[PDB]
Structure formats: structure tokens, C-alpha cells
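Q: Below is the structure I would like to discuss, written out as C-alpha cells.
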Amino acid sequence: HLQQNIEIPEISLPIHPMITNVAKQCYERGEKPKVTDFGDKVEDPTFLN
Amino acid sequence: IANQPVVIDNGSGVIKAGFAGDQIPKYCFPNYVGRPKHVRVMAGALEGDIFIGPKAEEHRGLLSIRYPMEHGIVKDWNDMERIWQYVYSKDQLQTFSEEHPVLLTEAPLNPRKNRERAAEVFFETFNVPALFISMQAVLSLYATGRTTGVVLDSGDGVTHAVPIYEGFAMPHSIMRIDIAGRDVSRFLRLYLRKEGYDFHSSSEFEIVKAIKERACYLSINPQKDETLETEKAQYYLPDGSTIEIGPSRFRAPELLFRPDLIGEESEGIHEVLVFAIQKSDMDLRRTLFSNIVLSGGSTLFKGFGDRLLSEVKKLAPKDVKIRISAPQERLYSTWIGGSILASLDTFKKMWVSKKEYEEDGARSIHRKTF
Amino acid sequence: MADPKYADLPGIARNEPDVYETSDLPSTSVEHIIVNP
Ligand SMILES: Nc1ncnc2c1ncn2[C@@H]1O[C@H](COP(=O)(O)OP(=O)(O)O)[C@@H](O)[C@H]1O
């Protein structure tokens, strides 16, 4: 990027590993993830934090 | 910048807690620590010696219970840190502490030293980003969603009446009484030795407390109700033993309105309550007639509000319609109200950063008190 | 197990049960309105 004089490179956005894996598996299923794809993990303020 | 805060509804007897925007406090456990009476030389049994909750209630036998907090004024502040560390338990949080906003509770008519030492804990031992606690009655009002109201809490041995007009209390018309179920059970213990029974142990006394909460109500005309004969439907102990009743089922809870009979220059919740009401506006009492906020779990009695209605007729005004709000989640009302407040973008103005504590601390406590 | 251990000494509850037992047996309504007129 510096040789290309981009002045700043597009830094990687840190995405959760299990989220990416679930999205990948859902794509293999031919459909985007559902509402409670994580089930009761929604009620985990630790994971939410 | 912050995280999800946690409302810690500190009941005088049982503390409760839970994250923001929720409906039910995540944790509900009491306020006391037990330590074993007997020791062992045997190798292979338990450890710890400091337990709170099912561990303590589990093996009540050696763990000698001791309530650290008295009317908010706790004396085992270090042990409160340990208690909050227990709030950070594996079964409890597994979260961090110096990176999250929080919310505890605060009753009025207290020395500032408590708040001072509290800030010392959460901002010396901890490095909590931002935290601000206020008056509990407003949280109850948040649960109501009603501008004016007469909140009356009911702790274990703590009670206070507060009138609030659209989010504005009456500092010159707010009263407090230093008792609830605590001395009621102690007075029941008095009744026990009155008919020869001692339950001197701490756990034993809490069992007595559970018995009180399990079978007690309110009478109509105390001296006239005394004329009858209590048949005393004997309950039977977990130990399997006869449990008589006496007037205790109705007489013992009315000790609140007889402090002179217990030895205290006081008058009565409703009495001093209506007196502060008389100290209020000539017009706002009309609003408060329907705005009667009941709170605190010590209030669980048959005809509780009904006998309170009788008290209203005792302190009758000049013929004006009155109405009482008696919900079922009175203890939870404050927790949920904090959760409402915790679910607000207005805490930006309602908070105090830790940097503010670093700058002033005590001065931030005094100045930015509310 | 301790079977040959039991063959050595005689203190074993032989032909007797090791367990004895005492057998089995079979809200807060709101709106307390003091309608004063
Ligand atoms: N059946 C019952 N009758 C009366 N009081 C009860 C009953 N069950 C629980 N309680 C009371 O619930 C109250 C909760 O008090 P606490 O959590 O200290 O209230 P606060 O949040 O006002 O401090 C306790 O004082 C306890 O005596």
C-alpha cells in the first residue's frame, strides 16, 4: 500500500471465529443464519460483551 | 464509552443483581457470612470457611451466620469486597470488574462516609469506569411510570417513606424508621421464650425468620382481637417438631405500630408518614391519595394493605378519595427501575467517570452527589 | 473384592444384609382504593 502510496491500508476488521464459521456453514446450507442460530447464547452477557 | 451495566438491588436482607435492560435480577442471595464452629484434624473434607448462599444454607450447622450490614451501615466492608468478589464468582459472573459500568442501590438518611468508602472500594480496589447510584424510590417509580408517589420500602430491619413529585422528592417531608422484620422475628424469639423456647443460633434464628414469613398476618382490632382464643395450628419443624402459634401470627407484625411497647420514641409508619404528608403541599396530597407506592418484601401480609386502609381511615383526611398501588414485584420494582435507568442514554449526564474520581474523588462525591 | 482376604479371617457378615432401613411411607392485588366521598 505504501509502494502504491495508499496512505493507509484497509486494516482487517476483527470478526468472531465462531460467527464466521456459523455463517460459512449456513452458506453451505444455502441460507443465511437464523434468529437463534446461537440458541441461548443470546442470553450470555459475557459473549455479548 | 462503557459496557452493559449491572443493577444490584441491595435488599437489606437479600442482595440481588443483574445486567441492564433485563426483567429479573440475575442473582438473589442474602447478606451474611458463615464460618465453621468446629474444625477438624481429619484430612479430606471441605475448605473455604467463608460461604454465602446455598453453600452456607446447605451446611448451616457450623457456619455461624453474621449479618455485616446494619441499616446500610456495613462494618465488614472488606468482607463486602469479598461478597462482591463472590458476585464475581464462576457461578456468578466470570466477567471483569474494572471495565464495566454498574449500579447498586442507595437509601436516604445516611452518613456520607458510606458512599465515601464505597467509592474507595469500587475505585481503589476496582477500576470501574463509571458508576453512579441514587435514591431507590425513583427506581420504584420507574417501575411504575408515575410522576408522583409515596414510596415506602420494607427491608429486613429498614423502612422509609418518600413522596416524589414528577421525579422530585421532598427532603423536608421524607421520613424513616429503623425497623422491619428483623426485630419482628427477634420479638417472635421473645415470644418463644415467653412460652419457653430459645432459638439462639444464627441459623436457628433465620429458620424462625422463615417461619415468620411463612405464617403471619394482620388482625383487625388488636385489643378486640385479643379477646379470642388462638387455636395455634401447630406447624412441624424440618427437624420434625411441634410449632405452636400464639398471637404471633397477628400480634408480632404489628410491633411496628407499637414502638413504645418495644421501647422506642417512635409513632408509626403511617403516622409519621401522614405527618410528612401534612408537611407537603395542600394540593399534592390529592395526587398522593391515589399515588401510594408499596415496596419492600416485608409487606407480605394478609390484609396488609387492607389494614393499611384501616390506618388510612384512622388518619382520615377531610373526605377525599384515596387509592393504593400494591404490585407483586415490589422488591424487584427497584431492580427493574434501575434496569430501566441502566437502559438509558441519559446516564451520560447521570454518571461520574473514574477519571473524575482520580481528579477529585471526595470532592466529586460532595459536589457531584446527585 | 477382598475375597481371599475374607478367606483368611472370619469377620464377614456372612449370609446377612449389610444395610438395614426404616421402610417407606406414602399474590398481591393492587388498587386498594379508599374511595372516600
Ligand atoms: N411471607 C413474608 N411475610 C413478610 N415478609 C416477608 C415474607 N417473605 C419475605 N419477606 C421479607 O422480604 C423482605 C426483603 O427485604 P429486603 O430485601 O431487605 O428489602 P429491601 O429491598 O427493602 O431492603 C425481608 O425483609 C423479608 O422479611
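Chain lettering (A, B, ...) mirrors the order of the C-alpha cells, residue numbering begins at 1 for each chain separately, and ligand numbering begins at 1 in order of display.
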Can you tell me which residues sit at most 7 Å away from ligand 1, counting only C-alpha atoms and all ligand atoms, written as a list in words?

A: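 For ligand 1, the residues inside 7 Å are residues 9, 10, 11, 12, 13, 14, 15, 153, 154, 155, 156, 157, 158, 180, 181, 212, 213, 214, 216, 295, 296, 297, 298, 299, 300, 301 and 331 of chain B.
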
Q: Counting only C-alpha atoms, which residues in chain C sit no more than 8 Å from chain B? For each one, give the nearest pair of atoms and the distance in Å, sorted by chain then residue number, as CSV.

A:
```
residue,atom,partner,partner_atom,distance
C:27,CA,B:328,CA,6.3
C:28,CA,B:328,CA,5.0
C:29,CA,B:326,CA,6.2
C:30,CA,B:326,CA,3.9
C:31,CA,B:324,CA,5.4
C:32,CA,B:324,CA,4.7
C:33,CA,B:323,CA,3.7
C:34,CA,B:322,CA,4.6
C:35,CA,B:321,CA,4.5
C:36,CA,B:321,CA,4.1
C:37,CA,B:319,CA,5.5
```

Q: Write out, as a PDB file, in the first residue's frame, the residues just selected, with N, CA, C and O atoms.

A:
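And here's again_6.pdb as it stands now:
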```
ATOM      1  N   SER C  27     -48.651 -13.288  45.438  1.00  0.00           N
ATOM      2  CA  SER C  27     -50.005 -12.796  45.221  1.00  0.00           C
ATOM      3  C   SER C  27     -50.208 -11.460  45.921  1.00  0.00           C
ATOM      4  O   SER C  27     -50.243 -11.406  47.148  1.00  0.00           O
ATOM      5  N   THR C  28     -50.340 -10.378  45.147  1.00  0.00           N
ATOM      6  CA  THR C  28     -50.542  -9.052  45.740  1.00  0.00           C
ATOM      7  C   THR C  28     -51.405  -8.220  44.787  1.00  0.00           C
ATOM      8  O   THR C  28     -50.898  -7.560  43.879  1.00  0.00           O
ATOM      9  N   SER C  29     -52.711  -8.248  45.023  1.00  0.00           N
ATOM     10  CA  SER C  29     -53.631  -7.486  44.195  1.00  0.00           C
ATOM     11  C   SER C  29     -53.537  -6.008  44.542  1.00  0.00           C
ATOM     12  O   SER C  29     -53.662  -5.617  45.705  1.00  0.00           O
ATOM     13  N   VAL C  30     -53.320  -5.186  43.525  1.00  0.00           N
ATOM     14  CA  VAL C  30     -53.212  -3.751  43.719  1.00  0.00           C
ATOM     15  C   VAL C  30     -54.578  -3.100  43.823  1.00  0.00           C
ATOM     16  O   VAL C  30     -55.583  -3.771  44.079  1.00  0.00           O
ATOM     17  N   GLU C  31     -54.584  -1.781  43.644  1.00  0.00           N
ATOM     18  CA  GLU C  31     -55.779  -0.940  43.646  1.00  0.00           C
ATOM     19  C   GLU C  31     -56.556  -1.003  44.951  1.00  0.00           C
ATOM     20  O   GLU C  31     -57.775  -1.175  44.965  1.00  0.00           O
ATOM     21  N   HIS C  32     -55.856  -0.838  46.061  1.00  0.00           N
ATOM     22  CA  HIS C  32     -56.568  -0.804  47.331  1.00  0.00           C
ATOM     23  C   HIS C  32     -57.062   0.632  47.402  1.00  0.00           C
ATOM     24  O   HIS C  32     -56.419   1.513  47.966  1.00  0.00           O
ATOM     25  N   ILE C  33     -58.212   0.880  46.787  1.00  0.00           N
ATOM     26  CA  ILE C  33     -58.770   2.217  46.710  1.00  0.00           C
ATOM     27  C   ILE C  33     -59.650   2.543  47.904  1.00  0.00           C
ATOM     28  O   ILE C  33     -60.672   1.888  48.132  1.00  0.00           O
ATOM     29  N   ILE C  34     -59.256   3.568  48.651  1.00  0.00           N
ATOM     30  CA  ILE C  34     -60.018   4.049  49.794  1.00  0.00           C
ATOM     31  C   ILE C  34     -60.923   5.119  49.204  1.00  0.00           C
ATOM     32  O   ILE C  34     -60.638   6.317  49.265  1.00  0.00           O
ATOM     33  N   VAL C  35     -62.013   4.663  48.596  1.00  0.00           N
ATOM     34  CA  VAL C  35     -62.953   5.574  47.973  1.00  0.00           C
ATOM     35  C   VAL C  35     -63.702   6.359  49.037  1.00  0.00           C
ATOM     36  O   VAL C  35     -64.749   5.939  49.534  1.00  0.00           O
ATOM     37  N   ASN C  36     -63.143   7.516  49.385  1.00  0.00           N
ATOM     38  CA  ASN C  36     -63.740   8.371  50.407  1.00  0.00           C
ATOM     39  C   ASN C  36     -64.470   9.508  49.701  1.00  0.00           C
ATOM     40  O   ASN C  36     -63.847  10.298  48.986  1.00  0.00           O
ATOM     41  N   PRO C  37     -65.784   9.578  49.909  1.00  0.00           N
ATOM     42  CA  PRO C  37     -66.624  10.608  49.304  1.00  0.00           C
ATOM     43  C   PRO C  37     -67.489  11.305  50.349  1.00  0.00           C
ATOM     44  O   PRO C  37     -68.698  11.461  50.164  1.00  0.00           O
TER      45      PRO C  37
END
```

Q: I'd like the neighbourhood of residue 120 of chain B as an MDAnalysis selection string, where a residue qualifies if any of its atoms comes within 10 Å (using only C-alpha atoms), though same-chain residues fewer than 6 positions away should be ignored.

A: chainID B and resid 114 126 357 361:362

Q: List the spatial neighbours of segment 27-43 of chain A as a list in words - criterion: any atom at most 12 Å away, only C-alpha atoms, same-chain residues fewer than 3 positions off excluded.

A: residues 18, 19, 20, 21, 22, 23, 24, 46, 47, 48 and 49 of chain A; 18, 19, 20, 21, 22 and 26 of chain B

Q: What are the closest atom pairs, with distances in Å to one decimal, for each residue of chain B lying within 10 Å of chain A, using only C-alpha atoms, rows by chain and rising residue number, as a Markdown table?

A:
```
| residue | atom | partner | partner_atom | distance |
| --- | --- | --- | --- | --- |
| B:3 | CA | A:49 | CA | 6.8 |
| B:4 | CA | A:49 | CA | 7.3 |
| B:19 | CA | A:45 | CA | 7.7 |
| B:20 | CA | A:45 | CA | 9.6 |
| B:93 | CA | A:46 | CA | 8.4 |
| B:94 | CA | A:46 | CA | 7.9 |
| B:95 | CA | A:46 | CA | 6.4 |
| B:96 | CA | A:46 | CA | 9.4 |
| B:100 | CA | A:49 | CA | 9.4 |
```

Q: So which residues of segment 43-87 of chain B fall under helix (DSSP H, G or I) by DSSP, listed as a count of residues only?

A: 16

Q: What is the distance between atom CA of residue 211 of chain B and atom CA of residue 228 of chain B, in Å to one decimal?

A: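 Spanning atom CA of residue 211 of chain B to atom CA of residue 228 of chain B is a straight-line distance of 22.7 Å.
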
Q: Atom CA of residue 276 of chain B to atom CA of residue 175 of chain B: how many Å, to one decimal?

A: 7.1 Å

Q: Can you tell me how far atom CA of residue 134 of chain B sits from atom CA of residue 25 of chain B, in Å to one decimal?

A: 18.1 Å

Q: Would you mind telling me which residue in B:248, B:280, B:31, B:221 lies nearest to residue 80 of chain B when using only C-alpha atoms?

A: B:31

Q: Excluding residue 354 of chain B and its own-chain neighbours fewer than 4 positions away, which residues fall within 9 Å of it when counting only C-alpha atoms? Please give them as a list in words.

A: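 These residues fall inside the cut-off: residues 123, 127, 128, 129, 130, 131, 358, 359 and 361 of chain B.
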
Q: Once you have the residues from the selection above, write them out as a PDB file, in the first residue's frame, restricted to N, CA and C atoms.

A:
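Saved to result10.pdb:
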```pdb
ATOM      1  N   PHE B 123     -13.327   2.074  43.375  1.00  0.00           N
ATOM      2  CA  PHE B 123     -12.430   2.865  42.570  1.00  0.00           C
ATOM      3  C   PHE B 123     -11.017   2.839  43.123  1.00  0.00           C
ATOM      4  N   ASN B 127     -11.449  -0.677  39.389  1.00  0.00           N
ATOM      5  CA  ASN B 127     -11.169   0.402  38.480  1.00  0.00           C
ATOM      6  C   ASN B 127     -12.341   0.517  37.533  1.00  0.00           C
ATOM      7  N   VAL B 128     -13.536   0.520  38.123  1.00  0.00           N
ATOM      8  CA  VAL B 128     -14.822   0.639  37.442  1.00  0.00           C
ATOM      9  C   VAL B 128     -14.791   1.919  36.624  1.00  0.00           C
ATOM     10  N   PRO B 129     -15.146   1.864  35.341  1.00  0.00           N
ATOM     11  CA  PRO B 129     -15.094   3.076  34.502  1.00  0.00           C
ATOM     12  C   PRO B 129     -16.001   4.202  34.957  1.00  0.00           C
ATOM     13  N   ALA B 130     -17.294   3.943  35.068  1.00  0.00           N
ATOM     14  CA  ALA B 130     -18.223   4.960  35.514  1.00  0.00           C
ATOM     15  C   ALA B 130     -19.269   4.252  36.346  1.00  0.00           C
ATOM     16  N   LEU B 131     -19.729   4.934  37.388  1.00  0.00           N
ATOM     17  CA  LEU B 131     -20.715   4.372  38.289  1.00  0.00           C
ATOM     18  C   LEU B 131     -21.373   5.476  39.096  1.00  0.00           C
ATOM     19  N   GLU B 358     -10.304  10.201  40.006  1.00  0.00           N
ATOM     20  CA  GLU B 358      -8.860  10.389  40.030  1.00  0.00           C
ATOM     21  C   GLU B 358      -8.528  11.847  40.240  1.00  0.00           C
ATOM     22  N   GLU B 359      -9.336  12.711  39.651  1.00  0.00           N
ATOM     23  CA  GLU B 359      -9.132  14.140  39.781  1.00  0.00           C
ATOM     24  C   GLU B 359      -9.494  14.605  41.176  1.00  0.00           C
ATOM     25  N   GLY B 361     -12.415  12.728  43.468  1.00  0.00           N
ATOM     26  CA  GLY B 361     -12.765  11.670  44.379  1.00  0.00           C
ATOM     27  C   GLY B 361     -13.773  12.211  45.361  1.00  0.00           C
TER      28      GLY B 361
END
```
